[PDB]
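Enquirer: Using only what follows, build the 3D model:
(chains A and B)
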Amino acid sequence: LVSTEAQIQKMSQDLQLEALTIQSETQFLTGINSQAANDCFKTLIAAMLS
Amino acid sequence: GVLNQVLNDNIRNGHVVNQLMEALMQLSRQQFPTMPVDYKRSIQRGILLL
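Expert: Numbering: from 1, shown residues only, chains lettered A, B, ... in the order given. Below you will find the coordinate block:
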């Protein structure tokens, strides 16, 4: 997977956020982990098979 | 007697830049709709320093 810190910093240039407050200024960037990327791919494949 | 590889006559003159800086001088004048205004500023500024 693409790393999280190299993705939010690319995502914070398009939204033109402020410095140091990328999580509080917009609620766009919340819950973006790699733990929840793998969790959603598993729970979409396994919910259709069962 | 030595086969050597020669650049073009436009690069050796410098006339190839007068084809470039009339191409990215029209690309700076084209306003473009699908992008936000802070993205138009960041391309038009870096195309001005060159």
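
Enquirer: From now on I want contacts and neighbour counts done on CA atoms only, so please keep to that.
Expert: Noted.

Enquirer: for chain B, which helix is longest?
Expert: Counting by DSSP state H, the longest helix found in chain B is helix B:37-46.

Enquirer: Please spell out which residues along that helix are buried.
Expert: residue B:44 (16 or more other Cα atoms under 10 Å in any protein chain shown).

Enquirer: So for chain A, the centremost residue is which one?
Expert: The C-alpha lying nearest the average C-alpha coordinate of chain A belongs to residue A:32 (Cα atoms, centre = their mean; 2.5 Å).

Enquirer: still on that earlier bit, what comes into contact with the longest helix of chain B?
Expert: A:14, B:28, B:31, B:32 (Cα atoms under 8 Å, 6 or more residues apart in numbering or on different chains).

Enquirer: can you check stretch A:9-18 too?
Expert: A:22, A:25, A:26, B:39.

Enquirer: same thing with stretch B:4-13?
Expert: Contacts of stretch B:4-13 from elsewhere in the structure, counted by Cα under 8 Å, 6+ apart, are residue B:16.

Enquirer: now the end-to-end length of it.
Expert: The first and last residues of stretch B:4-13 sit 19 Å apart, counting by Cα to Cα, to the nearest Å.

Enquirer: That'll do, ta.
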